[PDB]
Amino acid sequence: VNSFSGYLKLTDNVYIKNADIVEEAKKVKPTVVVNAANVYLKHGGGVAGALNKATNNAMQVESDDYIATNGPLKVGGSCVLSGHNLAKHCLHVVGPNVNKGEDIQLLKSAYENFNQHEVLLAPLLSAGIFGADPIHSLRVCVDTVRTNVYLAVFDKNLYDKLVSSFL
Ligand SMILES: CNC(=O)[C@@H]1CCCC[C@@H]1Nc1ncnc2[nH]c3cc(F)ccc3c12
Numbered sequence: 003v004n005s006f007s008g009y010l011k012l013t014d015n016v017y018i019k020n021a022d023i024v025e026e027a028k029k030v031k032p033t034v035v036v037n038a039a040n041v042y043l044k045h046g047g048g049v050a051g052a053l054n055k056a057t058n059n060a061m062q063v064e065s066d067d068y069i070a071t072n073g074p075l076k077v078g079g080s081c082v083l084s085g086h087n088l089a090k091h092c093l094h095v096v097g098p099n100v101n102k103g104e105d106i107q108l109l110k111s112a113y114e115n116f117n118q119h120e121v122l123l124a125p126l127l128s129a130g131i132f133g134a135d136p137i138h139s140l141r142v143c144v145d146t147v148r149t150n151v152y153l154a155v156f157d158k159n160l161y162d163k164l165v166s167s168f169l
């Protein structure tokens, strides 16, 4: 039993909800919140911009030190950093950005990072400003992640479309 409330159950381990991941993280304080990161950990917009703003830019400060030491992530890769005031840890995961021409076949590799964590609060990778089809992203998530994932979907209209079309 965990503290996540009001989710629809899609499968044994995947749950989906209409919620602002920022407000959801601040309330649940989950062990792991997933960020929709880019390779440079430049948290400028989308989910990443929202999470960073909620940390009063501390996420960005930590991220810049990480990149200065380690260099950029791989598309499809991830790193574990602090969750600041939102969660114990933030798993920064790089889904492919269709608006940059990146291979959508890397979306499965991106979701594989979730399997290193027993329970996660997460957005749909590569959705939103990353330009991929959120319906497809949900399919890859369900078919790739084996650990317990709680998806927060900000847009209520998108949430209903995701549920109504789920197979
Ligand atoms: C990297 N991909 C994206 O940003 C996507 C673009 C639009 C479709 C959904 C998805 N974003 C989100 N998913 C869950 N919670 C969210 N809270 C937010 C607060 C904000 F200010 C901005 C965006 C989100 C957001």
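Quick note: the authors' numbering has the sequence shown finishing at residue 169, numbered continuously throughout.
C-beta atoms are modelled at their ideal positions from N, C-alpha and C, and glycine is treated no differently.
Query: DSSP bridge partner residues for residue 143 (one or two, in chain order); Result: Partner(s): none; residue 143 has no beta bridge.
Query: Heavy atom of ligand 1 within 8 Å of residue 112 beta-carbon; Result: no
Query: Assigned secondary structure, residue 69 (DSSP; H/G/I helix, E/B strand, else coil); Result: helix
Query: Residue 38: CB within 8 Å of a non-hydrogen atom of ligand 1; Result: yes
Query: DSSP state of residue 23 mapped onto helix, strand, coil; Result: helix
Query: Beta-carbon contacts of residue 48 that lie in its chain and below 8 Å, excluding the five residues immediately before and after; Result: 38, 130, 131, 132
Query: Straight-line Cα distance separating residue 26 from residue 172; Result: Because the chain in this structure spans residues 3 to 169, residue 172 falls outside the shown range and cannot be described.
Query: Proximity test, residue 128 beta-carbon vs ligand 1 heavy atom, cut-off 8 Å; Result: yes
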